[PDB]
Every structure is written in C-alpha cells, then in structure tokens.
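As provided, my_file28.txt (compact mmCIF, C-alpha atoms) reads as follows.
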```txt
# COMPACT_ATOMS: atom_id res chain seq x y z
CA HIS F 1 89.21 91.57 121.54
CA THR F 2 92.65 93.00 120.69
CA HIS F 3 93.17 92.73 116.91
CA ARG F 4 91.62 94.78 114.16
CA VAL F 5 90.80 93.66 110.59
CA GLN F 6 90.04 95.85 107.60
CA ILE F 7 88.66 95.02 104.15
CA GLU F 8 89.06 97.53 101.35
CA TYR F 9 86.77 96.76 98.37
CA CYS F 10 86.42 98.55 95.01
CA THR F 11 83.16 100.46 95.27
CA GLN F 12 82.77 100.98 91.49
CA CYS F 13 83.19 97.25 90.85
CA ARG F 14 80.07 96.66 93.02
CA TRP F 15 82.13 94.53 95.42
CA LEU F 16 80.38 95.63 98.59
CA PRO F 17 78.36 92.43 98.81
CA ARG F 18 81.43 90.15 98.66
CA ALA F 19 83.27 92.37 101.09
CA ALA F 20 80.28 92.12 103.45
CA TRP F 21 80.24 88.36 103.04
CA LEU F 22 83.92 87.99 103.90
CA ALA F 23 83.39 90.27 106.91
CA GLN F 24 80.75 87.91 108.21
CA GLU F 25 82.97 84.87 107.55
CA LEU F 26 85.89 86.42 109.43
CA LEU F 27 83.79 87.88 112.25
CA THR F 28 82.08 84.59 112.87
CA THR F 29 85.38 82.70 112.99
CA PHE F 30 87.42 85.31 114.94
CA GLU F 31 84.70 87.10 116.94
CA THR F 32 86.57 86.40 120.17
CA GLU F 33 89.91 87.71 118.87
CA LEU F 34 88.75 90.76 116.92
CA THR F 35 88.03 94.13 118.48
CA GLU F 36 86.33 95.14 115.23
CA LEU F 37 86.30 94.61 111.48
CA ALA F 38 86.03 97.59 109.16
CA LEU F 39 84.91 97.96 105.54
CA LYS F 40 86.69 100.72 103.61
CA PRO F 41 85.30 101.75 100.21
CA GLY F 42 88.12 101.68 97.68
CA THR F 43 89.11 103.02 94.26
CA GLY F 44 89.38 100.69 91.31
CA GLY F 45 89.81 96.93 91.23
CA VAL F 46 90.99 97.12 94.82
CA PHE F 47 90.24 94.28 97.21
CA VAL F 48 92.61 93.89 100.10
CA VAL F 49 92.41 92.40 103.59
CA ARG F 50 94.54 93.91 106.36
CA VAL F 51 95.21 92.56 109.86
CA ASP F 52 96.64 95.12 112.31
CA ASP F 53 97.56 97.52 109.47
CA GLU F 54 99.43 94.69 107.75
CA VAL F 55 98.17 93.52 104.36
CA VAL F 56 97.40 89.80 104.46
CA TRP F 57 95.53 89.42 101.19
CA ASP F 58 95.62 91.37 97.94
CA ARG F 59 93.35 90.50 95.00
CA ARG F 60 95.71 91.33 92.15
CA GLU F 61 98.32 89.13 93.76
CA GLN F 62 96.45 86.16 95.20
CA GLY F 63 93.12 86.35 93.42
CA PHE F 64 89.65 85.96 94.89
CA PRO F 65 89.62 85.78 98.72
CA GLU F 66 88.67 82.10 99.15
CA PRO F 67 87.31 81.83 102.75
CA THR F 68 89.58 79.03 103.91
CA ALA F 69 92.81 80.42 102.42
CA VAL F 70 92.21 83.89 103.85
CA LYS F 71 90.98 82.58 107.21
CA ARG F 72 94.23 80.67 107.62
CA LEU F 73 96.35 83.74 106.88
CA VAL F 74 94.26 85.75 109.34
CA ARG F 75 94.59 83.11 112.06
CA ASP F 76 98.41 82.95 111.82
CA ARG F 77 98.37 86.64 112.77
CA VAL F 78 96.19 85.77 115.76
CA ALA F 79 97.59 82.29 116.55
CA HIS I 1 82.81 110.01 107.86
CA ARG I 2 83.20 106.91 110.02
CA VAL I 3 80.17 104.81 111.04
CA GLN I 4 80.28 101.98 113.53
CA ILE I 5 77.81 99.20 114.35
CA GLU I 6 78.12 97.32 117.62
CA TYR I 7 76.05 94.08 117.61
CA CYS I 8 75.54 91.50 120.39
CA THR I 9 77.71 88.57 119.39
CA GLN I 10 75.96 86.05 121.70
CA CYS I 11 72.56 86.99 120.26
CA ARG I 12 73.79 85.84 116.81
CA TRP I 13 73.20 89.36 115.43
CA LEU I 14 76.22 89.39 113.11
CA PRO I 15 74.11 88.74 110.04
CA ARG I 16 71.73 91.68 110.70
CA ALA I 17 74.69 93.90 111.53
CA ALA I 18 76.30 92.89 108.24
CA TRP I 19 73.07 93.60 106.38
CA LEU I 20 72.75 97.12 107.86
CA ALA I 21 76.39 97.75 107.00
CA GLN I 22 75.63 96.95 103.40
CA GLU I 23 72.51 99.15 103.44
CA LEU I 24 74.45 102.12 104.86
CA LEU I 25 77.56 101.61 102.76
CA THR I 26 75.54 101.45 99.59
CA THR I 27 73.63 104.63 100.40
CA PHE I 28 76.55 106.64 101.87
CA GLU I 29 79.54 105.12 100.04
CA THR I 30 80.60 108.54 98.84
CA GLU I 31 80.40 110.14 102.30
CA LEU I 32 81.87 107.36 104.44
CA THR I 33 85.58 106.77 104.90
CA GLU I 34 84.72 103.38 106.43
CA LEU I 35 82.12 101.46 108.37
CA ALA I 36 83.15 99.19 111.21
CA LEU I 37 81.46 96.24 112.92
CA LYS I 38 82.31 95.87 116.61
CA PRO I 39 81.33 92.64 118.40
CA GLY I 40 79.40 93.51 121.53
CA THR I 41 78.28 92.07 124.87
CA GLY I 42 74.65 91.26 125.51
CA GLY I 43 71.55 92.53 123.76
CA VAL I 44 73.65 95.38 122.42
CA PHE I 45 72.86 96.86 119.02
CA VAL I 46 73.89 100.47 118.46
CA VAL I 47 74.84 102.55 115.45
CA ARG I 48 77.37 105.37 115.86
CA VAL I 49 78.26 108.18 113.43
CA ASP I 50 81.51 109.99 114.22
CA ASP I 51 81.61 108.57 117.75
CA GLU I 52 78.08 109.83 118.34
CA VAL I 53 75.34 107.28 118.99
CA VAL I 54 72.55 107.68 116.44
CA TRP I 55 70.58 104.51 117.09
CA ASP I 56 70.21 102.29 120.14
CA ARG I 57 68.13 99.10 120.06
CA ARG I 58 66.75 99.19 123.62
CA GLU I 59 65.59 102.71 122.99
CA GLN I 60 64.35 102.78 119.41
CA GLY I 61 63.99 99.11 118.64
CA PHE I 62 64.98 97.25 115.48
CA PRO I 63 67.08 99.34 113.07
CA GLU I 64 64.54 99.79 110.25
CA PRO I 65 66.65 100.76 107.16
CA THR I 66 64.79 103.94 106.26
CA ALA I 67 64.55 105.33 109.81
CA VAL I 68 68.22 104.72 110.52
CA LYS I 69 69.34 105.93 107.10
CA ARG I 70 67.57 109.23 107.71
CA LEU I 71 69.27 109.73 111.08
CA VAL I 72 72.62 108.89 109.48
CA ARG I 73 72.03 111.35 106.62
CA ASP I 74 71.26 113.91 109.32
CA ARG I 75 74.77 113.56 110.78
CA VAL I 76 76.74 113.03 107.58
CA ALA I 77 75.20 115.43 105.04
CA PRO I 78 71.49 116.51 105.11
CA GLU I 79 70.36 115.86 101.49
CA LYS I 80 67.55 113.84 99.90
```
Turn this file's structure into structure tokens for me.
Amino acid sequence: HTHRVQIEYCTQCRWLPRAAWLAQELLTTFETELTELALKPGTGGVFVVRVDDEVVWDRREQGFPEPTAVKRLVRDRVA
Amino acid sequence: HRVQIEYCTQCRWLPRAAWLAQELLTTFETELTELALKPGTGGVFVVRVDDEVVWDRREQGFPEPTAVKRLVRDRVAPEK
C-alpha cells in the first residue's frame, strides 16, 4: 500500500451512492496497491477522481466514470 | 472533520465498510471534510474520528449504524 485515491462527489446532487460504488470497484481491484481511498463531499456538479493528488477523471470533461475506463486510467498510475 | 474506516481486506469486509461510509457520510456530510477507507490486515474493523479510535470490532462488535453514529456525533458535534 503506497498510493492514495480520492473521489470528490457533489453532495447536493445526491451522488454519494455512486461515489461509494466506484470506491468499492477501485478498492476491490487495487486493494493491494492502495494505502487508502477517500470520499470528499463536493460542491455542485463535481465528480472527480484523483490518484496521488493528480486528477485522473473529471465528470464535466469525460462524463460518467465508467468502471473499466476509469480503472484503466488508475492502473496506468500504478502500473 | 476527517473519519477513517479500516476494514480487513482478506475477510471480504469492503462492502460493509463501504456501507458504513455511506451511512456516516449521509448523516455527517456537512461536518466531514472527507471519509477514508483503509484496507487492513486480519479481522480488523475500526472507525477513527480525527485520528482517535471511536469503534473497534473486537471490542464492541459489529458497527451497528445507530450506535456508531452516536459515538461519531459525540466527537464531531454533539447535536440531535
């Protein structure tokens, strides 16, 4: 466990459940490479995934975080 | 306010850890800066609030939502 992942979801948009889901998807696939995964309540329309402080996925740029797509971008950062 | 949940990875406790995270984040969304899930060793299941352990499985058993939410409110901000 050496890398950290963070998911910032828009709280008002009731996106906690999908954030939680993604957290489970990522933690189950990268449990051995992640030191921890954090959920950060966000402002409005916000839904971003960060790996080691670096943004890897932004909703209003790449759309909905499809598991596969986002898991591939997260893996590259933890080859 | 930062909360952390360390669950035993080998025990396949990710799902229950994720559930609790949702329970706590939905009740304390306005008081928490973030809630983290930390994969743990064996049989481990503890909840921490501001680095302070508030719930430990092999001491208080399964993290019943109400019980644990009350202890978390106690650290964060004692309201109803």
Can you check which residues of chain F have any atom within 12 Å of chain I? Use all atoms listed in the file and format it as a ChimeraX atom specification. /F:1-12,14-43
Could you tell me how far CA of residue 57 (chain F) sits from CA of residue 74 (chain F), in Å to one decimal place?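 These atoms are spaced 9.0 Å apart.
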Between I:55, I:49, I:42, I:11, which one has atoms that come closest to residue 68 (chain I), using all atoms listed in the file?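 Of I:55, I:49, I:42, I:11, the one nearest residue 68 (chain I) is I:55, counting all atoms listed in the file.
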If I take CA of residue 54 (chain F) and CA of residue 73 (chain F), how far is one from the other in Å, to one decimal?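 Spanning CA of residue 54 (chain F) to CA of residue 73 (chain F) is a straight-line distance of 11.4 Å.
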Figure out the distance between CA of residue 7 (chain I) and CA of residue 45 (chain I), please, to one decimal in Å.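 According to the coordinates, CA of residue 45 (chain I) and CA of residue 7 (chain I) are separated by 4.5 Å.
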As a PyMOL selection string, please: the residues near residue 61 (chain F) (cut-off 12 Å, only C-alpha atoms, same-chain neighbours under 5 positions excluded). chain F and resi 45-49+55-56
